[PDB]
Each structure stands twice: as C-alpha cells, then as structure tokens.
Amino acid sequence: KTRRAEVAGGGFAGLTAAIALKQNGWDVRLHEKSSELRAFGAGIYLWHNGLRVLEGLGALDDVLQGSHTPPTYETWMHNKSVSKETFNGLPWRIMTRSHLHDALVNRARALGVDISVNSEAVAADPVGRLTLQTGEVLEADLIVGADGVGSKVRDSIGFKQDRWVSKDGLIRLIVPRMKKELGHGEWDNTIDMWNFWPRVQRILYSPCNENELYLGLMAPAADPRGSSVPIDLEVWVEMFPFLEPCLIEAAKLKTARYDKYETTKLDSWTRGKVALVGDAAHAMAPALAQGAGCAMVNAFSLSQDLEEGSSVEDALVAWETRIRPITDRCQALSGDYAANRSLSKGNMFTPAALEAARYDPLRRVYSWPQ
Ligand SMILES: Cc1cc2nc3c(=O)[nH]c(=O)nc-3n(C[C@H](O)[C@H](O)[C@H](O)COP(=O)(O)OP(=O)(O)OC[C@H]3O[C@@H](n4cnc5c(N)ncnc54)[C@H](O)[C@@H]3O)c2cc1C
C-alpha cells in the first residue's frame, strides 16, 4: 500500500519534493551527494508563488521570521533612480540561501524524511531504480531527479537538451548591513544599481534582515579587476562609493566566487517513473528571480498530480502537461531580459514578467492581479 520515492539532490527542488511527498504519506528517501546539507549562492529572492509553496510545505513561518520584504524594488542607472516597483501588493521576500535551506531541512526532518548525505545518484532507470555511486541499486515507485545542473539522473537516461552558457557572471556575498554607516538614504530597499559608464559594473543590493545584506557584484568576465575574487575593493568603491562600508566588509570574504550560469530546456521532464525537477530540468536566466520559485512550484505540483489515482507514469505526464508552460514562458522572458539588459530600464516587472510570481500552486490559480 505505502508508495516509495527516491529523490536525488538536497537542494530547494529536492527538499520541496521530499516534504510534499512525505506529507501525502509517501515513504521518501533523499540523497545528497555532498557531505553536508548546505546551500550556496549567498542570498535569494522568493515571490508569492514560492511563498505559497512554503505555506503548502508548512515551512513558511520559519522563512518569514528573519527575512525581509523591502518597502520597494528600486532601480538606478548611473546612480539616478529610474523606477520604484511594489507589484500592487504581490508578496515577495529576500533571505539568505542558508535561511531558506535550513527551514526546508528542518521541516523535512520534522516529517521523518530519510536524508542521506555523501550519497550520490549516478544513474536512474525509468522502471523505477536509482543507482548510487557506491553501486547500490534502489527500487522505488517514483524517482525524482532534483540533482541540479549537470544532472546525472537526467544524463543517465538521455533527454534532448537545449543548452546555453553565459560568458558573464557575478560575485554573490552576504555582508553586515552597516546601516548606520550608510548614512542618509533608503537602505531597506532592493536597489538594482546599473552602470555602463565608466565601466560595465552593477550591484544588486538586497537586504535580508536587520543583520545581513545580500550583494551581487556583476562585471564582465573580460574585466580582470571587476570579476576578481576576493573582490578588488578599489574598483567597486570607485563606482559605488555610497556602499563603501559594506564593500570593505565584502573584501574580507576570501571565499567569494565569480559564478556564471547555464540554461536548460528539455524535450520533456519525465521518462516512466522518473521526473526531473528544478535546474536538472529547466535552469534559466536569473533576471526574473524565478529559478528556484519555478523549481519549488514544479516539485510541489508533482506531488499534487500523484494524488489523482493514476499510475505514476501517467501522473508524471499529466504533471508536465499542466505545470510546464508557466516555467517555459518564465524561462523565455527571463532569457530575453538577461540578453537585452531589460531590467536596466526599470519598470520591467510587467504583468507578463510577473506571471510565474502570480501563480498560486495551492489553489492552482493566478492571484495578485496587476
Ligand atoms: C546568479 C543567480 C541568481 C539567482 N537568484 C535566484 C533568486 O533570487 N530567486 C530564485 O528563485 N532563484 C534564483 N536563482 C536560481 C536558483 O539558484 C536555482 O534555480 C535553484 O537553486 C535550483 O534548485 P535545485 O534544487 O534545482 O538545484 P541545486 O540548488 O543545484 O541543488 C541540487 C543539489 O543536488 C546535489 N547533487 C548534485 N548532483 C547530485 C547527485 N548526483 N546525487 C545527489 N545529489 C546531487 C547538489 O549538491 C545540490 O545540493 C538564481 C540563479 C543564479 C545563477
């Protein structure tokens, strides 16, 4: 009677699938390749779609405590404010990655999800097996590929994949807010601080709570000072002097990494009893801040479709058919924004840009109209 799920990946997609399945009475085992459960990338934004998934997972309270909704999302071009957007009340939130990841881990443990670390999936079979790097073959009614970019679960099966890689990247960090030292201004806002002159450098300034500030320092990979890690303090201060107190702190972080990204569009997300979720299926450009939101909605939604009385194989097909278009459209528009630098103009969180954000996975409708 008790159905079994094997999840490869302990990132936001895997943790979400795990919790949602466990809530529905699945016996779920999650496998994380790393030696501990950690999330990288410094900070993250969630919108109403993602926040609803957390509500659905019973992990919302722990996320909202200790994270921040700025009074406004502000854009600057060459230090001039060009927009302030509040999205007609659409909920949104900024936090560190560890904060979101910890809430999800605690919830999974509270539910009794079996979590293994040092446990790497190297292959999956559509008939319902997952092979680990040690050689162990696990049978289950449902295998979830939540193993991120470069997914072995996906590549062991072979999907037709459109791949693209960005040449340019950014350096993401958590630093103290330094609020007093920043002096006059609106330093609780999101501030997307664009510049093309004297050089292409941008900081997305993203308060996570009273103590922690998430910064994303973005410069071309061809720029040997701006792309440097640990950060080349002088070049960031010269273009963002009003952030010097925080940048001095960022310069102390010798763990900084300059990270680029890749995008992935697949011919399908399923094969038999194997479902691909998150980056493994649909890595997208960061411009709409929806990569994880989409992953969380999709993982959540996969549990919904598995409650319909159908075989797993048919429930998977139904799931992709139902939920995929919101992700495809989001991915597409985000890619276009990123290629065209569209957010530089401000006022670009249009109703179509906000489509994925407006989606409520709990009631399966679009809310917070614009
Ligand atoms: C610059 C940038 C900014 C972004 N900002 C946002 C944002 O603000 N808001 C947002 O919603 N999204 C954002 N994203 C997207 C977001 O980072 C990803 O979409 C999301 O983290 C992917 O979740 P995941 O669970 O699919 O994969 P991952 O987070 O990559 O996790 C996969 C996990 O699987 C593990 N793993 C890997 N291989 C194996 C294996 N073989 N076996 C077992 N485990 C394995 C990994 O160790 C990792 O723990 C951003 C992306 C970029 C590039």
# chains A, B, ... in the order shown; residues from 1 in each chain; ligands from 1
$ residues_near_ligand --ligand "ligand 1" --cutoff "7 Å" --atoms "only C-alpha atoms and all ligand atoms" --output "JSON, numbers by chain"
{"A": [8, 9, 10, 11, 12, 13, 14, 31, 32, 33, 34, 37, 38, 39, 41, 43, 44, 45, 46, 119, 120, 121, 122, 146, 147, 148, 149, 151, 152, 153, 170, 260, 261, 277, 278, 279, 280, 283, 285, 286, 289, 290, 291, 292, 293, 294, 295]}
$ write_last_selection --atoms "N, CA and C atoms" --output "short mmCIF file (atom, residue, chain, number, x, y, z; two decimals), in the first residue's frame"
data_model
loop_
_atom_site.label_atom_id
_atom_site.label_comp_id
_atom_site.auth_asym_id
_atom_site.auth_seq_id
_atom_site.Cartn_x
_atom_site.Cartn_y
_atom_site.Cartn_z
N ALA A 8 16.94 12.34 -5.72
CA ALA A 8 18.36 12.63 -5.86
C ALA A 8 18.54 14.17 -5.81
N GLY A 9 19.25 14.67 -4.79
CA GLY A 9 19.52 16.13 -4.66
C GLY A 9 18.85 16.70 -3.46
N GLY A 10 19.65 17.32 -2.59
CA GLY A 10 19.07 18.04 -1.45
C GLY A 10 19.11 19.54 -1.61
N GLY A 11 18.71 20.03 -2.80
CA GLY A 11 18.63 21.48 -2.97
C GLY A 11 17.21 21.91 -2.78
N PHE A 12 16.90 23.14 -3.18
CA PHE A 12 15.48 23.54 -2.94
C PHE A 12 14.42 22.63 -3.65
N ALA A 13 14.74 22.18 -4.86
CA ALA A 13 13.78 21.32 -5.64
C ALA A 13 13.57 19.96 -4.94
N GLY A 14 14.68 19.31 -4.57
CA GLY A 14 14.64 18.01 -3.88
C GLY A 14 13.98 18.10 -2.52
N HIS A 31 18.66 11.80 -1.25
CA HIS A 31 20.11 11.54 -1.34
C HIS A 31 20.82 12.84 -1.75
N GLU A 32 21.74 13.29 -0.92
CA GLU A 32 22.54 14.47 -1.18
C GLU A 32 24.01 14.06 -1.36
N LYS A 33 24.60 14.40 -2.51
CA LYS A 33 25.96 13.97 -2.79
C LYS A 33 26.98 14.58 -1.83
N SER A 34 26.72 15.82 -1.40
CA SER A 34 27.69 16.50 -0.57
C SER A 34 27.78 15.86 0.84
N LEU A 37 24.44 19.24 4.35
CA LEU A 37 23.30 19.84 3.68
C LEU A 37 23.60 21.33 3.77
N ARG A 38 23.87 21.94 2.63
CA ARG A 38 24.21 23.35 2.60
C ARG A 38 23.62 23.90 1.29
N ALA A 39 23.44 25.21 1.24
CA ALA A 39 23.01 25.87 0.02
C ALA A 39 24.03 26.96 -0.32
N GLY A 41 25.27 30.40 -2.93
CA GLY A 41 24.76 31.49 -3.78
C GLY A 41 24.41 32.72 -2.93
N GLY A 43 22.41 34.76 -1.25
CA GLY A 43 21.09 35.20 -0.94
C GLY A 43 20.10 34.81 -2.07
N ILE A 44 18.82 34.96 -1.76
CA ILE A 44 17.76 34.54 -2.73
C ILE A 44 16.51 35.36 -2.57
N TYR A 45 15.83 35.58 -3.69
CA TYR A 45 14.54 36.20 -3.62
C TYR A 45 13.42 35.15 -3.87
N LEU A 46 12.29 35.24 -3.13
CA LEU A 46 11.15 34.45 -3.32
C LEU A 46 9.96 35.42 -3.60
N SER A 119 25.80 10.79 -0.62
CA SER A 119 25.05 9.77 -1.22
C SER A 119 24.68 10.29 -2.59
N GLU A 120 25.40 9.79 -3.59
CA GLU A 120 25.33 10.38 -4.95
C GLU A 120 24.61 9.43 -5.87
N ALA A 121 23.58 9.93 -6.56
CA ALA A 121 22.94 9.21 -7.58
C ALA A 121 23.80 9.29 -8.84
N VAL A 122 24.09 8.15 -9.47
CA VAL A 122 24.84 8.16 -10.76
C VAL A 122 24.01 7.71 -11.94
N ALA A 146 16.38 15.74 -8.94
CA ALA A 146 16.47 17.13 -8.38
C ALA A 146 17.94 17.43 -8.17
N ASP A 147 18.81 16.91 -9.06
CA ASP A 147 20.25 16.96 -8.80
C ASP A 147 20.99 18.11 -9.50
N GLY A 148 20.19 19.08 -10.03
CA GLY A 148 20.76 20.36 -10.47
C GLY A 148 21.37 20.35 -11.87
N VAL A 149 22.02 21.45 -12.19
CA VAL A 149 22.78 21.50 -13.42
C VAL A 149 23.75 20.33 -13.50
N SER A 151 22.88 17.29 -14.03
CA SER A 151 22.13 16.11 -13.53
C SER A 151 22.57 14.75 -14.18
N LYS A 152 23.31 13.92 -13.40
CA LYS A 152 23.50 12.51 -13.77
C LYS A 152 22.21 11.70 -13.94
N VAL A 153 21.16 12.04 -13.18
CA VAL A 153 19.90 11.32 -13.24
C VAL A 153 19.36 11.52 -14.63
N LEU A 170 28.76 36.79 -11.82
CA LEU A 170 28.76 37.78 -10.75
C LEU A 170 29.26 37.14 -9.48
N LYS A 260 29.11 31.99 -13.21
CA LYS A 260 28.33 32.23 -14.42
C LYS A 260 27.13 31.30 -14.30
N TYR A 261 26.29 31.19 -15.31
CA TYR A 261 25.15 30.31 -15.18
C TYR A 261 24.92 29.63 -16.52
N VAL A 277 13.16 17.54 -11.77
CA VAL A 277 12.68 18.90 -11.24
C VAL A 277 13.82 19.87 -10.95
N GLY A 278 13.50 21.14 -11.02
CA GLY A 278 14.46 22.17 -10.75
C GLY A 278 15.47 22.38 -11.90
N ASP A 279 16.71 22.78 -11.52
CA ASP A 279 17.71 23.12 -12.52
C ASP A 279 18.00 21.96 -13.47
N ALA A 280 17.74 20.75 -13.00
CA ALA A 280 18.07 19.50 -13.75
C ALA A 280 17.19 19.58 -15.02
N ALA A 283 16.90 24.97 -15.76
CA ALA A 283 17.76 26.09 -15.40
C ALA A 283 17.51 27.26 -16.36
N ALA A 285 17.76 31.84 -16.97
CA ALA A 285 18.48 33.09 -16.67
C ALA A 285 17.96 33.72 -15.35
N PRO A 286 18.87 34.37 -14.58
CA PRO A 286 18.42 34.92 -13.27
C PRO A 286 17.56 36.17 -13.27
N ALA A 289 14.37 36.28 -11.23
CA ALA A 289 14.42 35.78 -9.86
C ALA A 289 13.34 34.72 -9.61
N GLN A 290 13.28 33.75 -10.53
CA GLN A 290 12.24 32.71 -10.55
C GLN A 290 12.82 31.30 -10.74
N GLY A 291 14.15 31.14 -10.76
CA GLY A 291 14.69 29.78 -10.97
C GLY A 291 14.19 28.84 -9.85
N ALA A 292 14.49 29.23 -8.59
CA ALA A 292 14.02 28.39 -7.51
C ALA A 292 12.50 28.45 -7.30
N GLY A 293 11.88 29.61 -7.60
CA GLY A 293 10.43 29.70 -7.42
C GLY A 293 9.78 28.68 -8.34
N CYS A 294 10.24 28.65 -9.60
CA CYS A 294 9.70 27.69 -10.51
C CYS A 294 10.02 26.24 -10.05
N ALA A 295 11.24 26.01 -9.56
CA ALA A 295 11.59 24.68 -9.19
C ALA A 295 10.61 24.24 -8.07
#
$ select_by_dssp --residues "segment 205-339 of chain A" --states "alpha helix (DSSP H)" --output "PyMOL selection string"
chain A and resi 233-239+244-250+279-282+291-305+312-339
$ residues_around --residues "segment 323-326 of chain A" --least-positions-apart "5" --cutoff "8 Å" --atoms "only C-alpha atoms" --output "ChimeraX atom specification"
/A:298,301,355-356
$ residues_around --residues "residue 211 of chain A" --least-positions-apart "5" --cutoff "9 Å" --atoms "only C-alpha atoms" --output "VMD selection string"
chain A and resid 175 to 179
$ closest_residue --among "A:47, A:187, A:368, A:319" --to "residue 71 of chain A" --atoms "only C-alpha atoms"
A:187
$ atom_distance --atom1 "atom CA of residue 58 of chain A" --atom2 "atom CA of residue 110 of chain A"
10.4 Å
$ atom_distance --atom1 "atom CA of residue 249 of chain A" --atom2 "atom CA of residue 262 of chain A"
29.2 Å
$ closest_residue --among "A:19, A:221, A:332, A:237" --to "residue 166 of chain A" --atoms "only C-alpha atoms"
A:221
$ closest_residue --among "A:90, A:143, A:218, A:95" --to "residue 196 of chain A" --atoms "only C-alpha atoms"
A:218
$ closest_residue --among "A:281, A:123, A:30, A:312" --to "residue 157 of chain A" --atoms "only C-alpha atoms"
A:123
$ closest_residue --among "A:317, A:154, A:305, A:137" --to "residue 20 of chain A" --atoms "only C-alpha atoms"
A:305
$ residues_around --residues "residue 35 of chain A" --least-positions-apart "5" --cutoff "10 Å" --atoms "only C-alpha atoms" --output "PDB file with N, CA and C atoms, in the first residue's frame"
ATOM      1  N   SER A 116      19.995  10.970   3.357  1.00  0.00           N
ATOM      2  CA  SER A 116      21.420  10.552   3.395  1.00  0.00           C
ATOM      3  C   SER A 116      22.313  11.621   2.817  1.00  0.00           C
ATOM      4  N   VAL A 117      23.421  11.900   3.507  1.00  0.00           N
ATOM      5  CA  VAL A 117      24.479  12.663   2.873  1.00  0.00           C
ATOM      6  C   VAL A 117      25.618  11.744   2.376  1.00  0.00           C
ATOM      7  N   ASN A 118      26.604  12.301   1.690  1.00  0.00           N
ATOM      8  CA  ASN A 118      27.572  11.508   0.921  1.00  0.00           C
ATOM      9  C   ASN A 118      26.895  10.462   0.089  1.00  0.00           C
ATOM     10  N   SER A 119      25.797  10.793  -0.618  1.00  0.00           N
ATOM     11  CA  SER A 119      25.054   9.768  -1.216  1.00  0.00           C
ATOM     12  C   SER A 119      24.676  10.290  -2.590  1.00  0.00           C
TER      13      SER A 119
END
$ closest_residue --among "A:276, A:173, A:105, A:142" --to "residue 2 of chain A" --atoms "only C-alpha atoms"
A:142
$ select_by_dssp --residues "segment 8-104 of chain A" --states "strand (DSSP E or B)" --output "ChimeraX atom specification"
/A:8,27-31,43-47,68,73-77,80-85,92-96
$ residues_around --residues "residue 318 of chain A" --least-positions-apart "4" --cutoff "12 Å" --atoms "only C-alpha atoms" --output "list in words"
residues 268, 269, 270, 275, 301, 302, 303, 304, 305, 306, 307, 308, 309, 310, 311, 312, 313, 314, 322, 323 and 324 of chain A
$ write_last_selection --atoms "N, CA and C atoms" --output "short mmCIF file (atom, residue, chain, number, x, y, z; two decimals), in the first residue's frame"
data_model
loop_
_atom_site.label_atom_id
_atom_site.label_comp_id
_atom_site.auth_asym_id
_atom_site.auth_seq_id
_atom_site.Cartn_x
_atom_site.Cartn_y
_atom_site.Cartn_z
N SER A 268 11.32 16.94 -22.68
CA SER A 268 10.31 16.53 -21.70
C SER A 268 11.01 16.40 -20.37
N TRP A 269 10.21 16.21 -19.32
CA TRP A 269 10.72 16.20 -17.94
C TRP A 269 10.52 14.84 -17.29
N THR A 270 10.13 13.85 -18.08
CA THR A 270 9.72 12.59 -17.47
C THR A 270 10.14 11.45 -18.37
N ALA A 275 10.92 11.63 -12.78
CA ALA A 275 10.57 13.01 -13.03
C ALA A 275 11.83 13.88 -12.69
N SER A 301 3.95 20.87 -7.29
CA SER A 301 2.90 20.42 -8.17
C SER A 301 2.99 18.90 -8.51
N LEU A 302 4.20 18.36 -8.55
CA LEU A 302 4.37 16.94 -8.89
C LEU A 302 3.68 16.09 -7.83
N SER A 303 3.85 16.43 -6.54
CA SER A 303 3.06 15.75 -5.50
C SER A 303 1.55 15.87 -5.67
N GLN A 304 1.06 17.02 -6.11
CA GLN A 304 -0.39 17.16 -6.34
C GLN A 304 -0.87 16.13 -7.36
N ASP A 305 -0.17 16.09 -8.49
CA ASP A 305 -0.59 15.16 -9.58
C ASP A 305 -0.50 13.70 -9.21
N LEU A 306 0.38 13.35 -8.27
CA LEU A 306 0.48 11.96 -7.82
C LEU A 306 -0.64 11.53 -6.82
N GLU A 307 -1.59 12.44 -6.57
CA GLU A 307 -2.75 12.14 -5.65
C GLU A 307 -4.00 11.89 -6.44
N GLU A 308 -3.88 11.76 -7.75
CA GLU A 308 -5.10 11.62 -8.63
C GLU A 308 -5.63 10.17 -8.94
N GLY A 309 -5.02 9.17 -8.35
CA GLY A 309 -5.45 7.76 -8.55
C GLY A 309 -4.81 7.09 -9.76
N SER A 310 -4.14 7.88 -10.59
CA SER A 310 -3.42 7.37 -11.77
C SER A 310 -2.16 6.58 -11.44
N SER A 311 -1.64 5.84 -12.43
CA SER A 311 -0.29 5.28 -12.29
C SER A 311 0.66 6.47 -12.17
N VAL A 312 1.80 6.24 -11.56
CA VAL A 312 2.86 7.21 -11.56
C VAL A 312 3.22 7.69 -12.96
N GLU A 313 3.37 6.78 -13.92
CA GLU A 313 3.76 7.19 -15.27
C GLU A 313 2.78 8.14 -15.83
N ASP A 314 1.50 7.88 -15.62
CA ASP A 314 0.53 8.79 -16.23
C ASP A 314 0.43 10.14 -15.45
N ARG A 322 0.40 20.01 -17.32
CA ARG A 322 -0.31 21.05 -16.55
C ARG A 322 0.58 22.24 -16.20
N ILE A 323 1.78 21.96 -15.62
CA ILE A 323 2.52 22.98 -14.96
C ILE A 323 3.66 23.54 -15.83
N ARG A 324 4.08 22.76 -16.83
CA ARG A 324 5.25 23.21 -17.56
C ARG A 324 5.19 24.59 -18.31
#
$ residues_around --residues "residue 67 of chain A" --least-positions-apart "4" --cutoff "7 Å" --atoms "only C-alpha atoms" --output "list in words"
residues 63, 93, 94, 95, 208 and 209 of chain A
